[PDB]
Amino acid sequence: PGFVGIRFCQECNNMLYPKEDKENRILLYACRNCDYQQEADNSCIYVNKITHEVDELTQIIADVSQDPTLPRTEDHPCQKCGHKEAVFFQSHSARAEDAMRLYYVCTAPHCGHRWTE
Amino acid sequence: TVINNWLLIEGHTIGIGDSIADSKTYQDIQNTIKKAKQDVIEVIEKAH
Ligand SMILES: [Zn+2]
Ligand SMILES: [Zn+2]
C-alpha cells in the first residue's frame, strides 16, 4: 500500500480526480475544470493505514547528529562508514503508542546514516 | 497539670543528634540506593 499521492492537470494544475472509463473498462484520472484526462498506471485509488506502520528512519533527519543535548555512544558503530560515535534517541513523537525503541544516527559529518536497534 | 510538672524534671528536646545515624546505618542506606539505581538502569536497558 504505502500511501497514494496527488496528480495535477497539465493544462491547469488543478487536482485530477479518478473516474472509470465505462466503455473501455479502465480507470482514468480526469480534470473537473477542463477536458484533460490521463490513463492511470496504478489501479489503487486510496490506502489508509490504521496501524500507522511506517519506517520512522525516513523521518529521522541526519542533521540531528549536531544536537549538543542528545546522548551519544561509541558502543554502536555505524555500518556504512564504521564511525564509532552514534547519537541515539527515542521516537521523539506521538503515535509510537507504546515503544521505547532507540534510533541511532552516525555522528560523522556527511554520513547521516540512520538505523534502529 | 501533674505530668507537665514532672516534665520539668525529665525535660524534652530535639536536636541535630537525633537526626544523625551511625556510620554503618549510612553505609547500608547508601548500598540500598546504589543497587536500586542500577536496577532501574537494567529496566531501561531492556526497554531501550
Ligand atoms: Zn485541468
Ligand atoms: Zn556513519
Side-chain angles (χ1 to χ4, degrees), chain A, chain B residues 26-48:
Chain A
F3 297 89
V4 175
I6 288 170
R7 296 173 173 75
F8 294 103
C9 180
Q10 289 189 353
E11 291 197 318
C12 70
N13 292 295
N14 292 305
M15 200 221 305
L16 301 179
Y17 292 86
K19 72 175 186 181
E20 172 173 33
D21 187 337
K22 295 181 178 178
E23 300 193 313
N24 297 301
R25 278 272 139 74
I26 289 182
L27 183 66
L28 303 180
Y29 276 95
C31 189
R32 289 187 175 179
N33 286 319
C34 74
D35 304 356
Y36 181 82
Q37 297 186 354
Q38 180 170 334
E39 191 178 49
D41 293 344
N42 194 54
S43 172
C44 184
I45 287 101
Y46 165 93
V47 311
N48 171 29
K49 283 171 159 277
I50 289 71
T51 193
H52 203 242
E53 181 179 1
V54 70
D55 182 15
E56 291 194 71
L57 303 180
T58 66
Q59 302 197 357
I60 306 316
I61 285 153
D63 312 328
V64 174
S65 58
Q66 300 165 9
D67 186 346
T69 66
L70 298 173
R72 40 179 67 71
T73 55
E74 290 198 324
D75 316 54
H76 292 275
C78 179
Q79 298 87 352
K80 287 192 175 181
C81 71
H83 188 78
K84 296 176 187 173
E85 269 217 295
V87 67
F88 77 79
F89 42 83
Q90 293 183 354
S91 63
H92 291 191
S93 183
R95 300 184 181 268
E97 297 188 329
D98 60 359
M100 292 176 68
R101 295 180 77 80
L102 297 186
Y103 300 91
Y104 294 85
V105 189
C106 180
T107 296
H110 308 292
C111 180
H113 180 66
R114 291 149 281 137
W115 71 103
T116 334
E117 301 191 49
Chain B
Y26 289 131
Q27 184 171 353
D28 290 342
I29 290 162
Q30 285 175 357
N31 277 289
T32 299
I33 298 164
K34 284 173 179 185
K35 178 163 171 58
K37 294 177 66 172
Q38 193 175 36
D39 296 347
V40 175
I41 290 166
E42 291 189 336
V43 182
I44 292 165
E45 283 189 323
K46 287 189 178 182
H48 284 355

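Letters go in sequence order (proteins before strands), and every chain restarts at 1.
- Between A:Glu39 and A:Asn24, the closest side-chain pair of non-hydrogen atoms is not below 4.5 Å.
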Q) Can you check side-chain contact (heavy atoms from CB on, under 4.5 Å) on A:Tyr103 and A:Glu56, steps first, answer last? A) CA-CA 9 Å; A:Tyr103 300 91; A:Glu56 291 194 71; 2.7 Å; yes

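- Between the CG atom in A:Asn33 and the CE atom in A:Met15 there is a gap of 11.0 Å [rounded to 0.5 Å].
- A distance of 13.5 Å separates SG of A:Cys9 from CZ of A:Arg32, quoted to the nearest 0.5 Å.
- Other residues, nucleotides and ligands contribute over 12 non-hydrogen atoms within 6.0 Å of the CD atom of A:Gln79.
- Environment of CD in A:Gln90: crowded, with over 12 heavy atoms of neighbouring residues, nucleotides or ligands closer than 6.0 Å.
- Taking NZ from B:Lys34 and OG1 from B:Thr32, the interatomic distance works out to 10.5 Å, rounded to the nearest 0.5 Å.
- Rounding to the nearest 0.5 Å gives a distance of 5.5 Å between NE2 of A:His92 and CG of A:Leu70.
- In plain terms, the two heavy atoms of A:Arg72 and A:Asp67 that are nearest each other are NH2-O, 3.0 Å.
- Tested against A:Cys78, the residues A:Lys84, A:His113, A:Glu85 include a single side-chain contact (heavy atoms from CB on, under 4.5 Å) partner, A:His113.
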Go through it in stages, so that I can follow the logic: the residues are B:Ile44 and B:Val40, the test is side-chain contact (heavy atoms from CB on, under 4.5 Å), and I'd like the CA-CA distance, side-chain angles, deciding distance and then a yes or no. CA-CA 6 Å; B:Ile44 292 165; B:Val40 175; 3.9 Å; yes

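- The environment of A:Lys49 atom NZ is dense: over 12 non-hydrogen atoms of other residues, nucleotides or ligands sit within 6.0 angstrom.
- A 6.0 Å sphere centred on CG of B:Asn31 holds more than 12 heavy atoms belonging to other residues, nucleotides or ligands.
- The minimum heavy-atom distance linking A:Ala40 with A:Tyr29 is given by the pair CB-CD1, 3.8 Å.
- For CD of A:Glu74, the number of neighbouring non-hydrogen atoms (other residues, nucleotides, ligands) closer than 6.0 Å is greater than 12.
- A:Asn14 CG to A:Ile6 CD1: the interatomic distance, rounded to the nearest 0.5 Å, is 11.5 Å.
- Here the closest heavy-atom approach between residue A:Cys81 and residue A:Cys106 is recorded as SG-SG, 3.6 Å.
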(Q) Does A:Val64 form a side-chain contact (heavy atoms from CB on, under 4.5 Å) with A:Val87? I'd like the steps, not just the answer. (A) CA-CA 8 Å; A:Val64 174; A:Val87 67; 5.5 Å; no

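- The line from CD of A:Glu117 to CZ of A:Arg101 is 9.5 Å long, rounded to the nearest 0.5 Å.
- Note on ring orientation: taking the six-membered ring where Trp is involved, the planes of A:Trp115 and A:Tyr104 are parallel (angle under 30°, cut-offs 30° and 60°).
- Summarising the geometry of A:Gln37 relative to A:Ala30, their closest heavy-atom pair is CG-CB, 3.9 Å, with the distance given to 0.1 Å.
- Of all heavy-atom pairs spanning A:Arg114 and A:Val105, the tightest one is CG-CG2, 3.7 Å.
- Here the closest heavy-atom approach between residue A:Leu27 and residue A:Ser43 is recorded as CD2-O, 3.8 Å.
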